[PDB]
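Working notes, beginning with the structure itself.
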Amino acid sequence: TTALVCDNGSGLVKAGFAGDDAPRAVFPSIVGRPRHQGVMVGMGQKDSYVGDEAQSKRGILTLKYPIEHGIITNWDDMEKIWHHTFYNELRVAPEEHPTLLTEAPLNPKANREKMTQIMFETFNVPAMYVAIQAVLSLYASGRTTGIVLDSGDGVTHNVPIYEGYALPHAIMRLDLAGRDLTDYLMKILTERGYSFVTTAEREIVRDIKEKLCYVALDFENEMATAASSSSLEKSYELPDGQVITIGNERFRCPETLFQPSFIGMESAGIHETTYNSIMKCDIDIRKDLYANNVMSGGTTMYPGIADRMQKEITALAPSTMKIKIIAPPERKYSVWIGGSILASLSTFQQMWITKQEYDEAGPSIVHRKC
Amino acid sequence: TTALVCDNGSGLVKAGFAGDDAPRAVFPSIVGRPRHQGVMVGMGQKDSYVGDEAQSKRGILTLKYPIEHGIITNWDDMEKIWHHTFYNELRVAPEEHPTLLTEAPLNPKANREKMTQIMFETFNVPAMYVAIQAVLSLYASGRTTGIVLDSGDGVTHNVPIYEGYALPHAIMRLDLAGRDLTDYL
Amino acid sequence: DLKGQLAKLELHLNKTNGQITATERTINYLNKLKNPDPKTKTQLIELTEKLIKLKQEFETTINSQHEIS
Amino acid sequence: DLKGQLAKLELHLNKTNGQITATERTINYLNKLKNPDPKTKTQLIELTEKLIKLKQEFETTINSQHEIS
Ligand SMILES: Nc1ncnc2c1ncn2[C@@H]1O[C@H](COP(=O)(O)OP(=O)(O)O)[C@@H](O)[C@H]1O
Ligand SMILES: Nc1ncnc2c1ncn2[C@@H]1O[C@H](COP(=O)(O)OP(=O)(O)O)[C@@H](O)[C@H]1O
Ligand SMILES: [Mg+2]
Ligand SMILES: [Mg+2]
């Protein structure tokens, strides 16, 4: 049999089978509800569209996100997403195969229990397991000693591991991610005249973000160059056949990652969190973590993030130490690529939580290995 | 045959064969136990590292010393050290050859008996001998009349000998050694 | 018929490459281990053999596809 | 081949020197004695002869190693 490896994310859902190199299906995790009357007769009355069809018909829908900052807020919508993924998208009955899910570190306990109950009582899978998102990245990378820097939508976290002994006191968590960058892009695009308010307009701004953005190696010099000349300008086309012309905002959106004071937050940029995590471990292992940094998640695909990260860490860290930022391509799916590998391993095939085990022990079972 | 000459010390282990000029293997006498959870699968679990690998991975281990002030405190860890020395390090079965050990003067009697039992019942060496650390120094020095001042880690002792007649009432023992200097540093 | 069978050969080649990628990733992970669990010791050999079999199957499939061409 | 055999000669020379050192130390200890045990009287002669044999073997080995050079 093949064991599904679903990765319920904060901004996308990637579902596939074990022993593959890419998710079988990938689609946004949104639920759209109709807003208007409906005048024609004979058309099917849909209470709510889910998945990609909602993204197709965003004009007359009120799109909502069941997940936010990793935590799950709405449960009916999440169950609808899971049903759509299992039946309509993957087209495989869930009873036959086990399943593997991923949850970010330091999340509330209740989340795990509710997930388990919804995956046992309602869907009736024969076995389920849940894993920390950061850890699975190291299987995909191919090493055992490192400091992953998973940065998904919603939240970003750092988890240092050494010789396969995760240090739990050095783990760091932070609520700066792609959604805040999208909101800031809207707020700063307001200056030139372009006003985006509704949710679908936010979806458009998200596409604008994805296509036209980059991270400057140095910020003040880039601002001076953009102000003096007019070479840092790009033209994009809306669905309405209108042309936006973006200038400085190309590198003021991602810059909030390194300067969280733009949004009014107070925490330090991501480089400082990485450095603090490294310096919260023991003295003897700091060199190895320095040597092997790792990035994951979609948000770390901005052109030029690796160079700035290396420069900042090198400036912060002492000399005589060599810093490398392992930033392989296709990092977007890295987390998922871990899970499939973890499923394949023969040893891991003994660590599931069978249904009868949950029936007997109770909800606490999952937390024993937490 | 060649007779092993091991010197279980207080801060280092030196093991070798007879008729040589240096120990075949030398490594610290520590035992490290893991401290953290362990999250990766497949690595294969180990309860406790011993010898030099423990020194290599000191970041995530709780290093302990089986010996202290010459006396042996923990036995199950002193046996692990001996097994590692005989099989992994020297790579010679202990049954064929005899063995010679060294023990500081004025140590408790029970130590000697327990060492003997562990070296006969468990390892099954055909013959064992134990000697005082200070006396063996005089063979290396090349004289017979002198007052050795052996100062290892853990303890320091003085044993005066004259014409190969060790005076037992003049022996002196003191518990100042490298470990206390490290703590003071 | 020729076009359809050529397309089927292309699909089979794509699937074979997709399998090779995953097997190579698993072997790349398993190599770094230093004291593997007894089960992993056998699984490594199994994957090493499966990789060879897939590579020869890929060679045969590409040769056939070219021969049709 | 030349490099390998030169390395083997170097290893043999190192082993010979290591034996010479220990034999010299034992003879140095035994010399100081004044009324040695009857067994030690013969052992001293045996070691004295072994030292000479080792020294000529060392000379021959170094000569061969230089010749290869
Ligand atoms: N090529 C890209 N360049 C810049 N940002 C991107 C790119 N691809 C995705 N993103 C950002 O990452 C987010 C998606 O992250 P995702 O990989 O889904 O994280 P998770 O898997 O944890 O949900 C999107 O909201 C988008 O803003
Ligand atoms: N070169 C050196 N300089 C100063 N102190 C040393 C040196 N070498 C070893 N030591 C000290 O001696 C100790 C080791 O003593 P050792 O020779 O092992 O005695 P024993 O064999 O009785 O344990 C170490 O703890 C170290 O502090
Ligand atoms: Mg992610
Ligand atoms: Mg000593």
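Lettering and numbering for the structure tokens are positional, with chains as A, B, ... in the shown order, residues counted from 1 in each chain, and ligands counted from 1 in the shown order.
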
If the cut-off is 8 Å, can you tell me the residues of chain B near chain A, counting only C-alpha atoms? I'd like them as a list in words.
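Close enough to count are residues 36, 37, 38, 39, 40, 41, 42, 43, 58, 59 and 60 of chain B.
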
Selection from above, C-alpha atoms, as a PDB file, in the first residue's frame, can you write it?
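Below is the file that was written, result.pdb:
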ATOM      1  CA  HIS B  36      18.360  15.222  24.714  1.00  0.00           C
ATOM      2  CA  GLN B  37      15.407  13.578  22.994  1.00  0.00           C
ATOM      3  CA  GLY B  38      16.496  12.356  19.564  1.00  0.00           C
ATOM      4  CA  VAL B  39      14.157  13.108  16.671  1.00  0.00           C
ATOM      5  CA  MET B  40      15.644  11.459  13.583  1.00  0.00           C
ATOM      6  CA  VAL B  41      14.728   7.902  12.595  1.00  0.00           C
ATOM      7  CA  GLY B  42      17.188   5.224  11.514  1.00  0.00           C
ATOM      8  CA  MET B  43      20.244   6.634  13.300  1.00  0.00           C
ATOM      9  CA  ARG B  58      30.765  16.393  24.054  1.00  0.00           C
ATOM     10  CA  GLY B  59      28.156  18.941  22.962  1.00  0.00           C
ATOM     11  CA  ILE B  60      25.116  16.800  23.763  1.00  0.00           C
TER      12      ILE B  60
END

Quick one: residues within 9 Å of residue B:6, only C-alpha atoms counted, chain neighbours fewer than 5 positions away excluded, as a list in words?
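Using only C-alpha atoms, the neighbours found are residues 13, 14, 15, 16, 17, 23, 85, 99, 100, 101 and 102 of chain B.
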
Run DSSP on the backbone and tell me which residues of stretch 61-301 of chain A come out as strand (DSSP E or B); list them as a VMD selection string.
chain A and resid 61 to 64 67 to 68 71 to 72 99 to 103 127 to 132 146 to 149 151 156 to 161 172 to 174 234 to 237 243 to 246 293 to 295

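For the residues B:122, B:133, B:62, B:48, ranking by smallest atom-to-atom distance to ligand 4 using only C-alpha atoms and all ligand atoms places B:133 first.
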
Residues up to 9 Å from ligand 3, counting only C-alpha atoms and all ligand atoms: could you list those as a count of residues only?
20

Would you please work out which residue, of B:8, B:116, B:56, B:107, is nearest to ligand 2 when using only C-alpha atoms and all ligand atoms?
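Ranked by minimum distance to ligand 2, first place goes to B:8.
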
Which of stretch 64-182 of chain A counts as helix (DSSP H, G or I) under DSSP, as a PyMOL selection string please?
chain A and resi 75-89+109-122+133-141+178-182

One number please: atom CA of residue C:27 to atom CA of residue C:46, in Å, one decimal.
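We find that atom CA of residue C:27 and atom CA of residue C:46 lie 10.0 Å from each other.
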
Go through the chains and note each residue within 7 Å of ligand 4, using only C-alpha atoms and all ligand atoms, then give the set as a PyMOL selection string.
chain B and resi 9+151-153

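The space separating atom CA of residue C:10 from atom CA of residue C:55 comes to 15.4 Å.
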
State, in Å with one decimal place, the distance from atom CA of residue A:232 to atom CA of residue A:268.
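Distance between the two atoms: 28.0 Å.
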
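Each of A:182, A:107, A:245, A:229 was compared to ligand 1 using only C-alpha atoms and all ligand atoms, and A:182 turns out to be the nearest.
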
What does the list of residues within 10 Å of ligand 2 look like if you count only C-alpha atoms and all ligand atoms, written as a PyMOL selection string?
chain B and resi 7-14+26-29+67-70+102-104+133+150-156+177-182

Using N, CA and C atoms, can you export the residues from the last selection as a JSON list (two decimals), in the first residue's frame?
[["chain", "number", "residue", "atom", "x", "y", "z"],
["B", 7, "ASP", "N", 47.45, 0.54, 32.05],
["B", 7, "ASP", "CA", 47.58, 1.41, 33.21],
["B", 7, "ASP", "C", 46.29, 2.21, 33.32],
["B", 8, "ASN", "N", 45.29, 1.62, 33.98],
["B", 8, "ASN", "CA", 44.09, 2.36, 34.32],
["B", 8, "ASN", "C", 44.48, 3.51, 35.23],
["B", 9, "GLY", "N", 44.37, 4.74, 34.73],
["B", 9, "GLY", "CA", 44.70, 5.92, 35.48],
["B", 9, "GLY", "C", 43.46, 6.61, 36.02],
["B", 10, "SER", "N", 43.68, 7.81, 36.55],
["B", 10, "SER", "CA", 42.58, 8.61, 37.07],
["B", 10, "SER", "C", 42.02, 9.57, 36.03],
["B", 11, "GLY", "N", 42.78, 9.89, 34.99],
["B", 11, "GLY", "CA", 42.32, 10.82, 33.97],
["B", 11, "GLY", "C", 42.64, 10.41, 32.55],
["B", 12, "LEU", "N", 43.38, 9.32, 32.38],
["B", 12, "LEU", "CA", 43.68, 8.79, 31.05],
["B", 12, "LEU", "C", 43.92, 7.29, 31.15],
["B", 13, "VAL", "N", 43.69, 6.60, 30.04],
["B", 13, "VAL", "CA", 43.91, 5.17, 29.93],
["B", 13, "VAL", "C", 44.97, 4.93, 28.87],
["B", 14, "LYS", "N", 46.03, 4.22, 29.25],
["B", 14, "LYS", "CA", 47.14, 3.90, 28.36],
["B", 14, "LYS", "C", 47.31, 2.39, 28.35],
["B", 26, "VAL", "N", 46.04, 5.27, 23.63],
["B", 26, "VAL", "CA", 45.86, 6.18, 24.76],
["B", 26, "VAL", "C", 44.59, 6.98, 24.52],
["B", 27, "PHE", "N", 43.72, 7.03, 25.53],
["B", 27, "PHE", "CA", 42.45, 7.73, 25.36],
["B", 27, "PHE", "C", 41.87, 8.07, 26.73],
["B", 28, "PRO", "N", 41.07, 9.13, 26.83],
["B", 28, "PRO", "CA", 40.52, 9.51, 28.13],
["B", 28, "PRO", "C", 39.58, 8.46, 28.69],
["B", 29, "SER", "N", 39.52, 8.39, 30.02],
["B", 29, "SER", "CA", 38.66, 7.44, 30.72],
["B", 29, "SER", "C", 37.39, 8.17, 31.16],
["B", 67, "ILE", "N", 36.46, 6.93, 37.61],
["B", 67, "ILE", "CA", 37.48, 6.93, 38.65],
["B", 67, "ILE", "C", 37.60, 8.34, 39.22],
["B", 68, "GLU", "N", 38.02, 8.42, 40.48],
["B", 68, "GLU", "CA", 38.24, 9.70, 41.13],
["B", 68, "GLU", "C", 39.15, 9.49, 42.33],
["B", 69, "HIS", "N", 40.17, 10.34, 42.45],
["B", 69, "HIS", "CA", 41.14, 10.25, 43.54],
["B", 69, "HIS", "C", 41.72, 8.84, 43.63],
["B", 70, "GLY", "N", 41.96, 8.23, 42.48],
["B", 70, "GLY", "CA", 42.47, 6.86, 42.45],
["B", 70, "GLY", "C", 41.42, 5.80, 42.69],
["B", 102, "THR", "N", 48.14, -1.32, 37.45],
["B", 102, "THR", "CA", 48.85, -0.44, 38.37],
["B", 102, "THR", "C", 47.85, 0.23, 39.29],
["B", 103, "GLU", "N", 48.16, 0.27, 40.58],
["B", 103, "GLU", "CA", 47.28, 0.85, 41.58],
["B", 103, "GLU", "C", 48.11, 1.70, 42.55],
["B", 104, "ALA", "N", 47.58, 2.87, 42.89],
["B", 104, "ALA", "CA", 48.30, 3.79, 43.76],
["B", 104, "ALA", "C", 48.40, 3.22, 45.17],
["B", 133, "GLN", "N", 52.21, 2.11, 41.54],
["B", 133, "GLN", "CA", 52.57, 3.03, 40.46],
["B", 133, "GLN", "C", 53.97, 3.59, 40.66],
["B", 150, "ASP", "N", 55.75, 10.52, 41.96],
["B", 150, "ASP", "CA", 54.66, 10.37, 41.01],
["B", 150, "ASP", "C", 53.52, 11.32, 41.35],
["B", 151, "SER", "N", 53.10, 12.12, 40.36],
["B", 151, "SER", "CA", 51.99, 13.05, 40.52],
["B", 151, "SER", "C", 51.11, 12.95, 39.27],
["B", 152, "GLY", "N", 50.15, 12.03, 39.31],
["B", 152, "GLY", "CA", 49.18, 11.91, 38.25],
["B", 152, "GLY", "C", 48.01, 12.84, 38.48],
["B", 153, "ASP", "N", 46.99, 12.68, 37.64],
["B", 153, "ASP", "CA", 45.71, 13.29, 37.94],
["B", 153, "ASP", "C", 45.08, 12.58, 39.13],
["B", 154, "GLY", "N", 44.29, 13.31, 39.90],
["B", 154, "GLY", "CA", 43.63, 12.74, 41.05],
["B", 154, "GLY", "C", 44.42, 12.82, 42.34],
["B", 155, "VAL", "N", 45.59, 12.18, 42.42],
["B", 155, "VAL", "CA", 46.36, 12.10, 43.65],
["B", 155, "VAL", "C", 47.86, 12.16, 43.34],
["B", 156, "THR", "N", 48.65, 12.41, 44.38],
["B", 156, "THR", "CA", 50.10, 12.49, 44.30],
["B", 156, "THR", "C", 50.70, 11.78, 45.51],
["B", 177, "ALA", "N", 45.93, 17.33, 42.75],
["B", 177, "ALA", "CA", 46.31, 16.88, 41.42],
["B", 177, "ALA", "C", 45.63, 17.76, 40.38],
["B", 178, "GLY", "N", 45.66, 17.31, 39.12],
["B", 178, "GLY", "CA", 45.25, 18.16, 38.02],
["B", 178, "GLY", "C", 43.80, 18.59, 38.07],
["B", 179, "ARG", "N", 42.92, 17.74, 38.60],
["B", 179, "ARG", "CA", 41.50, 18.08, 38.61],
["B", 179, "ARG", "C", 41.23, 19.31, 39.47],
["B", 180, "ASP", "N", 41.86, 19.37, 40.64],
["B", 180, "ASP", "CA", 41.71, 20.55, 41.49],
["B", 180, "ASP", "C", 42.28, 21.79, 40.82],
["B", 181, "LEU", "N", 43.37, 21.65, 40.08],
["B", 181, "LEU", "CA", 43.91, 22.79, 39.34],
["B", 181, "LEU", "C", 42.93, 23.26, 38.27],
["B", 182, "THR", "N", 42.27, 22.33, 37.58],
["B", 182, "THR", "CA", 41.27, 22.73, 36.59],
["B", 182, "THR", "C", 40.13, 23.49, 37.25]]

Check: which chain B residues lie within 10 Å of chain D using only C-alpha atoms, as a VMD selection string:
chain B and resid 18 to 22 138 to 144 163

Which polymer residues have any atom within 10 Å of an atom of residue A:119, counting only C-alpha atoms, with same-chain residues fewer than 4 positions away left out, as a VMD selection string?
chain A and resid 79 82 94 99 113 to 115 123 to 128

How would the residues just chosen look if you wrote them out with N, CA and C atoms as a PDB file, in the first residue's frame?
ATOM      1  N   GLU A  79     -12.593  20.836   7.590  1.00  0.00           N
ATOM      2  CA  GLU A  79     -13.093  19.511   7.237  1.00  0.00           C
ATOM      3  C   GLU A  79     -13.530  19.464   5.779  1.00  0.00           C
ATOM      4  N   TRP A  82     -10.434  19.131   3.696  1.00  0.00           N
ATOM      5  CA  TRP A  82      -9.877  17.783   3.747  1.00  0.00           C
ATOM      6  C   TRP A  82     -10.697  16.817   2.899  1.00  0.00           C
ATOM      7  N   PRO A  94     -10.095   7.226   1.684  1.00  0.00           N
ATOM      8  CA  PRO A  94      -9.121   7.349   2.776  1.00  0.00           C
ATOM      9  C   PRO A  94      -9.054   6.141   3.692  1.00  0.00           C
ATOM     10  N   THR A  99      -2.126   8.009   6.985  1.00  0.00           N
ATOM     11  CA  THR A  99      -1.869   9.382   6.571  1.00  0.00           C
ATOM     12  C   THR A  99      -0.863  10.042   7.505  1.00  0.00           C
ATOM     13  N   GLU A 113      -5.159  17.267  19.209  1.00  0.00           N
ATOM     14  CA  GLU A 113      -6.244  16.364  19.582  1.00  0.00           C
ATOM     15  C   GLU A 113      -7.412  16.474  18.613  1.00  0.00           C
ATOM     16  N   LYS A 114      -7.840  17.700  18.314  1.00  0.00           N
ATOM     17  CA  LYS A 114      -8.991  17.876  17.435  1.00  0.00           C
ATOM     18  C   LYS A 114      -8.698  17.329  16.044  1.00  0.00           C
ATOM     19  N   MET A 115      -7.492  17.588  15.533  1.00  0.00           N
ATOM     20  CA  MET A 115      -7.081  17.011  14.257  1.00  0.00           C
ATOM     21  C   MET A 115      -7.198  15.493  14.289  1.00  0.00           C
ATOM     22  N   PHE A 123     -13.293  10.362   9.207  1.00  0.00           N
ATOM     23  CA  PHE A 123     -12.721   9.831   7.977  1.00  0.00           C
ATOM     24  C   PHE A 123     -12.311   8.370   8.100  1.00  0.00           C
ATOM     25  N   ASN A 124     -11.957   7.918   9.302  1.00  0.00           N
ATOM     26  CA  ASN A 124     -11.747   6.498   9.580  1.00  0.00           C
ATOM     27  C   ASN A 124     -10.490   5.958   8.896  1.00  0.00           C
ATOM     28  N   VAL A 125      -9.398   6.713   8.958  1.00  0.00           N
ATOM     29  CA  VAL A 125      -8.112   6.243   8.446  1.00  0.00           C
ATOM     30  C   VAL A 125      -7.594   5.153   9.380  1.00  0.00           C
ATOM     31  N   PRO A 126      -6.853   4.158   8.882  1.00  0.00           N
ATOM     32  CA  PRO A 126      -6.384   3.085   9.773  1.00  0.00           C
ATOM     33  C   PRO A 126      -5.210   3.482  10.646  1.00  0.00           C
ATOM     34  N   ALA A 127      -4.526   4.582  10.343  1.00  0.00           N
ATOM     35  CA  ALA A 127      -3.389   5.016  11.141  1.00  0.00           C
ATOM     36  C   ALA A 127      -3.000   6.420  10.711  1.00  0.00           C
ATOM     37  N   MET A 128      -2.611   7.244  11.678  1.00  0.00           N
ATOM     38  CA  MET A 128      -2.244   8.626  11.414  1.00  0.00           C
ATOM     39  C   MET A 128      -0.978   8.960  12.180  1.00  0.00           C
TER      40      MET A 128
END

Interface, chain A side, toward chain C (6 Å; only C-alpha atoms) as a list in words:
residues 20, 21 and 142 of chain A

With C-alpha atoms retained, write the just-selected residues as a PDB file, in the first residue's frame.
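Once written, selection.pdb looks like this:
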ATOM      1  CA  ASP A  20       7.196  10.464  -5.281  1.00  0.00           C
ATOM      2  CA  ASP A  21       9.160  13.603  -6.132  1.00  0.00           C
ATOM      3  CA  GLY A 142      20.219  15.256   3.172  1.00  0.00           C
TER       4      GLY A 142
END
